[PDB]
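Just one chain follows, in the form deposited in one PDB entry, and it is written as structure tokens.
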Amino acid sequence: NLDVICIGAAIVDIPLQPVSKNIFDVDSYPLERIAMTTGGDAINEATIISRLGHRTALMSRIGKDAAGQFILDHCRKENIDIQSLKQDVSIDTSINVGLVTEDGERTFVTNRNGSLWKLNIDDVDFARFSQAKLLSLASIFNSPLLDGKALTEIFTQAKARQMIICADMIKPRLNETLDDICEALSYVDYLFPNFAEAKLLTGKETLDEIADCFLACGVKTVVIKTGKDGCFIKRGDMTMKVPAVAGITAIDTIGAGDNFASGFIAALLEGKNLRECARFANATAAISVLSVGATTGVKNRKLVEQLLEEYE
């Protein structure tokens, strides 16, 4: 009954909005509310995929603390399988405090030593791999210790067991290059790069050229997210552009990529053709940019399906 296993760091965000740009001008900021929220690509994806109707399991490692507890409770409420989401007293669950000014300005205070940086291949339980159909690596480069060699092993274990392999990416944190992951990429079935970051990573400027760098490493299908323009897909010699949902005015696109990937994976598991998977992903992502927060918009599934009847 398990369709997806998502691997990545589960973390907690604490948004502080809105604060003055000259924060120390005053002594205190009595906000309307201060509360934790689950964040991180892995959490967002497992959460959205689950709401879309596909049973998911999250593999990660958090601390034995209040933030870790909040994550587990979130997963229990979303019906995310948490058997492989272990707690460790030796670490602190990463907590990202995001400050925002009553004008738009943003900044983030993070824990350079949080659980996000501690995640490694040891937190991956291969025995469970035969229980799901698809593996989603919620962000290559996100957790540095999960480098090329680790991913190659993770993906190698996934491929025995015949799983479909999906992966998103973020900008490298430790100067890594495409070189560092080219071998790991040869095992990937669907890669979901972000245009700007993919451009910076490959050093190429056009969608075709950027996509070719990944395909040359062995990736089967490349799905580049182009924000307002939807997405660009390339497999073998075939390319296809799929326009974003029309008319939408984005509040904020935080987590838009995660929602996109989730919608795509859902369509994939349901056997839709490549264009249909792209439209479902664009529709899911579109709904999420209309609300503040990564997982606010996509509350269920009906919402996405309704937007689909109105894609134009």
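Whichever C-alpha set is largest while still superposing within 1.5 Å between the two forms counts as the rigid core. Start at 1 with the first residue shown and count on from there.
From this point on, the text means the form deposited in another entry, which you will not see here.
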Practice prompt. Return yes or no for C75: a CA shift of at least 2 Å between this form and the one not shown, with the rigid core superposed?
Written response: no
Query raised in the report: By the 2 angstroms cut-off, has the C-alpha of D179 moved between this form and the one not shown once the rigid core is superposed?
Result: no
- Task: Superpose the two forms on their rigid core, then report whether the C-alpha of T101 is displaced by 2 angstroms or more between this form and the one not shown.
- Result: yes
Output row for the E105-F141 CA distance, |change| of 3 angstroms or more in the other entry, reads closer
Quick read on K171 and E105 CA atoms in the other entry, 3 Å or more from the shown distance, and they're closer
